[PDB]
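Chemist: Residue numbers (the deposited numbering), protein chains in the order written: chain A, 1 to 306; chain A', 1 to 306. A prime marks a further copy of an entry chain. Quick reminder that beta carbons are idealized off the backbone N, C-alpha and C, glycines included. Quick one: structure below, then a few questions.
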Ligand SMILES: *[C@@](O)(c1nc2ccccc2o1)[C@H](C[C@@H]1CCNC1=O)NC(=O)[C@H](CC1CCCCC1)NC(=O)[C@@H](NC(=O)OCc1ccccc1)[C@@H](C)OC(C)(C)C
Ligand SMILES: *[C@@](O)(c1nc2ccccc2o1)[C@H](C[C@@H]1CCNC1=O)NC(=O)[C@H](CC1CCCCC1)NC(=O)[C@@H](NC(=O)OCc1ccccc1)[C@@H](C)OC(C)(C)C
């Protein structure tokens, strides 16, 4: 019993974090085999940030301009290249702690664990979602650039996020590990803003199923709804449209609880229209939307990793 | 910017988790140097659970009755002893991954990270508090016994919790790593219940300071209050009394924000008396009480570990 925002165990990623220093800029890098990945704006200076041309900036650098530390060990750079917004520093030593890994670009609505790091040393781990507007509501301070987000499937670390920047509203923007930004953001110090966000409907429904699995059941009703009529109510409350694919995803949770997906939609409809009226669900007074259907099944069933 | 429930990086603890099997019972153990710690009810059978005498139960066991697996490696037990409610299995091999560590018994109100494990394999990490009633609101399924809770100070893992049992309300009870239960609970299948809980006042105040550090400031007011008059309002709303020691702890956060502790108490008073009125603090519609003053400073300042 119980339901928590649960991050994946972070050990496999901790063994990959390093410090990358170029000029007066220090940030985190990700050491996998003999390559260190890090945000390319590590080559920027304090006045290069407004409108940098990273191709000129990089063609003016030597390998010895990059100081990479893995713990108290000084890694030598033997090659460098830029891929989109990430820099790849080839080093003379392969990380012996390299886990089985993949680089994956996630869809909005998907969740991942963030290992927050400063100076190549991990600070904390927490769970996030890719918001529909391609920001993440992270917890990041100066020096956290290059911290990564990730998922784990048994033994394989799927890296999906590298941190680059904070936006004026306090939310965060970054890239996949191939350096492609999530959303329209660019690694320039120019006016950018998040875009209006929406609530991840399919995830709210998953969390309601989590609540039922765990014994909260006060929000259910006898009603049902059509997918169409549900989506007309969702638009009103700034919720993402629910697709048939979302319905299908929610199948296992529906089968385990005996609550048809569309019946749980009718319950969400009533929750949207009436509020929660001083009651809580899974210890929240808000409708929670950073658990995927997979997250719920994982935590309510006990899946491990190795 | 941003504020998350942040767990400590879990790698140092992951390298210590093992599987302990005795009879038909499998649970998790903690392998530090050449000793494996685990709940003593691993020696209980399905009918021994109602009122076991662990001293007879243990005096009937041999070392070879204990199957310890560290990954795909089979550790040999060469000695066993009981200390309070934990069993200590001495094994012929010292864990080469043993971190610097301590065993500490925490006070209620203190927080810690839980590495949830099944069959010696970590499943997830999350942050908890010791509730005033000495339960924890965890997320635990069958097989999670022996999962530990912990804090980290730079390089040292302070282990503070080992999981033993779930109580009828879905909350959890366990011991320190020397096997002393937190609270009045006993490792018997007899009627036990949590005891009425209270909100951890000093932590709510810390979290309000977190909100100010992060730019939420709508809940402040010009008022102040005496410690006495605050504590009369806290009793009413089932909050823990605030002591001068709590006030002193909140000093750094007070100094960094320029908001006197008692001024923030006046704000909490107004929040208790008027509710939040459809507004949120740090993305919560509830007054959050599982962040200590130390947690806030750590996350709002960027402390790492190594
Ligand atoms: C990261 O540690 C870092 N620090 C760097 C220094 C040099 C080069 C690259 C660096 O990367 C931090 C992490 C940030 C800091 C606070 N919280 C975080 O997550 N990243 C930055 O400081 C980042 C550096 C620039 C990224 C793009 C290319 C040039 C270098 N800056 C920002 O994140 C700023 N955001 C920003 O400029 O957004 C666009 C914008 C919007 C509106 C007006 C003007 C610009 C942040 C730090 O500035 C604030 C928005 C004021 C918070
Ligand atoms: C742990 O994995 C485990 N499993 C064991 C099997 C044998 C011996 C020791 C074991 O430890 C689980 C973890 C639990 C399971 C679900 N969520 C969890 O956190 N622990 C137990 O199953 C535990 C075993 C007993 C502990 C005390 C000594 C004998 C073995 N049992 C419980 O946690 C039960 N709680 C309980 O009995 O509380 C007292 C009580 C209150 C009211 C009426 C009767 C007894 C749980 C599993 O039972 C429920 C309360 C119904 C949930």
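For residue 115 of chain A, go through chain A' and note every residue whose CB falls closer than 9 Å to its CB, in chain order.
Modeler: Within the first chain, numbered from 1, the residue matching residue 115 of chain A stands at position 115. For residue 115 of chain A, the chain A' residues whose Cβ falls inside 9 Å of its Cβ are 9, in order along the chain.
Chemist: Can you give the Cα-Cα distance for residue 64 of chain A and residue 24 of chain A, rounded to whole angstroms?
Modeler: Here residue 64 of chain A is taken as the residue at index 64 of the first chain, counted from 1. Here residue 24 of chain A is taken as the residue at index 24 of the first chain, counted from 1. Answer to the nearest angstrom: the Cα atoms are 14 Å apart.
Chemist: Which residues in chain A have a C-beta closer than 9 Å to the C-beta of residue 270 of chain A'? List them in chain order.
Modeler: Taking the first residue of the second chain as 1, we reach residue 270 of chain A' at position 270. Simply none; closest approach about 18 Å.
Chemist: Do you know how far the Cα of residue 133 of chain A' is from the Cα of residue 232 of chain A'?
Modeler: Working through the second chain from its first residue, we reach residue 232 of chain A' at position 232. Working through the second chain from its first residue, we reach residue 133 of chain A' at position 133. Going by the C-alpha atoms only, they are around 21 Å apart.
Chemist: List, in chain order, every chain A' residue whose beta-carbon is nearer than 7 Å to that of residue 166 of chain A.
Modeler: Taking the first residue of the first chain as 1, we reach residue 166 of chain A at position 166. The contacting residues are 1.
Chemist: The alpha helix (DSSP H) spanning residue 194 of chain A covers which residue range?
Modeler: Here residue 194 of chain A refers to the residue found at position 194 when the first chain is read from its first residue. Where residue 194 of chain A is concerned, there is no enclosing alpha helix (DSSP H), given that its DSSP letter is neither H nor E.
Chemist: Between residue 49 of chain A' and ligand 2, is there a pair consisting of the residue's CB and a ligand heavy atom that are separated by less than 8 Å?
Modeler: As a first step, residue 49 of chain A' is located in the second chain; it is residue number 49 there, counting from the start. Yes, the Cβ of residue 49 of chain A' comes within 8 Å of a heavy atom of ligand 2.
Chemist: Please classify residue 116 of chain A' as buried or exposed, where buried requires at least 16 other C-beta atoms within 10 Å of its C-beta.
Modeler: Within the second chain, the letter at position 116 stands for residue 116 of chain A'. Per the 10 Å Cβ criterion, buried.
Chemist: Determine the extent of the beta strand (DSSP E) in which residue 122 of chain A' is found, giving its start and end residues.
Modeler: Along the second chain, one-based indexing puts residue 122 of chain A' at 122. Looking at the DSSP string, the run of the beta strand (DSSP E) that includes residue 122 of chain A' is 121-129.
Chemist: So for residue 254 of chain A', helix, strand or coil by DSSP?
Modeler: As a working note, residue 254 of chain A' is residue 254 in the second chain. Here residue 254 of chain A' sits in helix by DSSP.
Chemist: Which runs of the beta strand (DSSP E) fall wholly inside the region 91-171 of chain A and span at least 3 residues, in chain order?
Modeler: 100-103, 111-118, 121-129, 148-153 and 156-166
Chemist: Return the residue from the list A':88, A':8, A':199 and A':196 that minimises the CA-CA distance to residue 43 of chain A'.
Modeler: To locate residue 43 of chain A', count along the second chain from 1; it is residue 43. Of the listed residues, the one whose Cα sits closest to residue 43 of chain A' is A':88.
Chemist: For the region 118-139 of chain A, which residues have a beta carbon sitting closer than 7 Å to at least one beta carbon of chain A'?
Modeler: 118, 119, 121, 122, 123, 124, 125, 126, 137, 138 and 139
Chemist: Compare the C-beta of residue 100 of chain A' with all C-beta atoms of chain A and state if any pair is closer than 9 Å.
Modeler: Start at 1 with the first residue of the second chain, and residue 100 of chain A' comes out as number 100. Judged by the 9 Å Cβ criterion, residue 100 of chain A' is not in contact with chain A.
Chemist: Check each candidate in A:167, A:247, A:175 and A:156 and name the one with the smallest Cα separation from residue 142 of chain A.
Modeler: Counting from 1 along the first chain, the entry for residue 142 of chain A is found at position 142. Ranked by Cα distance from residue 142 of chain A, the options A:167, A:247, A:175 and A:156 are led by A:167.
Chemist: Could you tell me which of A:155, A:81, A:206 and A:111 sits nearest to residue 323 of chain A, measuring between CA atoms?
Modeler: With chain A covering only 1 through 306, there is no way to say anything about residue 323 of chain A.
Chemist: Which residue comes first and which comes last in the beta strand (DSSP E) that contains residue 39 of chain A'?
Modeler: Here residue 39 of chain A' refers to the residue found at position 39 when the second chain is read from its first residue. Run containing residue 39 of chain A': 35-39, per the beta strand (DSSP E) assignment.
Chemist: Flag residue 236 of chain A as yes if its beta-carbon sits less than 9 Å from any beta-carbon of chain A', otherwise no.
Modeler: The sequence position of residue 236 of chain A within the first chain is 236, counting from 1. So, not an interface residue.
Chemist: Sorry if obvious, but does the Cβ on residue 192 of chain A come closer than 8 Å to a heavy atom of ligand 1?
Modeler: Position 192 of the first chain, counted from the start, is the residue given in the question as residue 192 of chain A. Indeed, a heavy atom of ligand 1 lies less than 8 Å from the Cβ.
Chemist: In the DSSP assignment, the alpha helix (DSSP H) including residue 225 of chain A' goes from what residue to what residue?
Modeler: For the purposes of this step, residue 225 of chain A' is identified with residue 225 of the second chain, where counting begins at 1. First-last for residue 225 of chain A': undefined, no H or E at that position.
Chemist: How about the region 201-209 of chain A' and the region 252-264 of chain A': do they share at least three Cβ pairs that are nearer than 8 Å?
Modeler: Touching, yes.
Chemist: Can residue 79 of chain A be considered in contact with ligand 2, in the sense that its beta carbon sits closer than 8 Å to one or more heavy atoms?
Modeler: Counting from one through the first chain, the residue named residue 79 of chain A turns up at place 79. Residue 79 of chain A Cβ: outside cutoff for every heavy atom of ligand 2.
Chemist: Find the residues of chain A that neighbour residue 14 of chain A', judging by a C-beta separation of less than 7 Å, and give them in chain order.
Modeler: For this step, residue 14 of chain A' is matched to residue 14 along the second chain. Neighbours of residue 14 of chain A' on chain A, chain order: 9 and 11.
Chemist: For residue 285 of chain A, decide whether its Cβ has a neighbour in chain A', counting only Cβ atoms nearer than 9 Å.
Modeler: In the first chain, the residue the question calls residue 285 of chain A occupies position 285. Answer yes: the Cβ-Cβ gap between residue 285 of chain A and chain A' drops below 9 Å somewhere.
Chemist: How about residue 184 of chain A' and residue 174 of chain A': do their beta carbons lie closer than 9 Å?
Modeler: Along the second chain, read from residue 1 onward, the residue named residue 184 of chain A' stands at position 184. Along the second chain, read from residue 1 onward, the residue named residue 174 of chain A' stands at position 174. Not closer than 9 Å, so no.
Chemist: Using a cut-off of 9 Å between C-beta atoms, extract the partners of residue 4 of chain A located in chain A'.
Modeler: Sequence index remark: in the first chain, residue 4 of chain A carries index 4 (1-based). Those are 5, 114, 116, 124, 126, 127, 128, 137, 138 and 139, listed as they occur along chain A'.
Chemist: Please look up how many angstroms separate the CB atoms of residue 9 of chain A and residue 124 of chain A', rounded, as I've assumed it's under 8 Å.
Modeler: Mapped onto the first chain, residue 9 of chain A falls at position 9. Mapped onto the second chain, residue 124 of chain A' falls at position 124. 7 Å between Cβ atoms; contact.
Chemist: With respect to 8 Å, is the separation between the Cβ of residue 323 of chain A and the closest non-hydrogen atom of ligand 1 below this value?
Modeler: What the structure shows of chain A is the stretch from 1 to 306, and residue 323 of chain A is not part of that stretch, so it cannot be assessed.
Chemist: Counting only Cβ pairs nearer than 8 Å, list the residues of chain A' close to residue 306 of chain A.
Modeler: The residue labelled residue 306 of chain A in the question sits at position 306 within the first chain. The contacting residues are 71 and 121.
Chemist: For ligand 2, any of its heavy atoms closer than 8 Å to the Cβ of residue 176 of chain A?
Modeler: Within the first chain, the letter at position 176 stands for residue 176 of chain A. No, since every heavy atom of ligand 2 falls outside the 8 Å radius drawn around the Cβ of residue 176 of chain A.
Chemist: Whole angstroms are fine: how far does the CA of residue 16 of chain A sit from the CA of residue 289 of chain A'?
Modeler: Position 289 of the second chain, counting from 1, holds the residue named residue 289 of chain A'. Position 16 of the first chain, counting from 1, holds the residue named residue 16 of chain A. Looking at the two C-alpha atoms, the distance is approximately 33 Å.
Chemist: Which stretch, first to last residue, makes up the beta strand (DSSP E) that contains residue 313 of chain A?
Modeler: With chain A running from 1 to 306 in the structure shown, residue 313 of chain A is simply not present.
Chemist: Quick one: does the C-beta of residue 256 of chain A' sit closer than 8 Å to a heavy atom of ligand 1?
Modeler: Stepping through the second chain from its first residue, residue 256 of chain A' is reached at position 256. Answer for residue 256 of chain A': no, Cβ out of range of ligand 1.
Chemist: If you measure between the beta carbons of residue 18 of chain A' and residue 36 of chain A', is that distance less than 9 Å?
Modeler: By 1-based counting over the second chain, the position of residue 18 of chain A' is 18. By 1-based counting over the second chain, the position of residue 36 of chain A' is 36. Yes, these two residues count as a Cβ contact at 9 Å.
Chemist: Strictly under 9 Å for the Cβ-Cβ distance: is residue 81 of chain A' near chain A by that measure?
Modeler: Your numbering for residue 81 of chain A' matches position 81 in the second chain. By this cut-off, residue 81 of chain A' is not an interface position.
Chemist: Closest to residue 104 of chain A' by CA distance: which of A':189, A':291 and A':148 is it?
Modeler: Within the second chain, the letter at position 104 stands for residue 104 of chain A'. When A':189, A':291 and A':148 are compared, the shortest CA-CA separation from residue 104 of chain A' is found for A':148.
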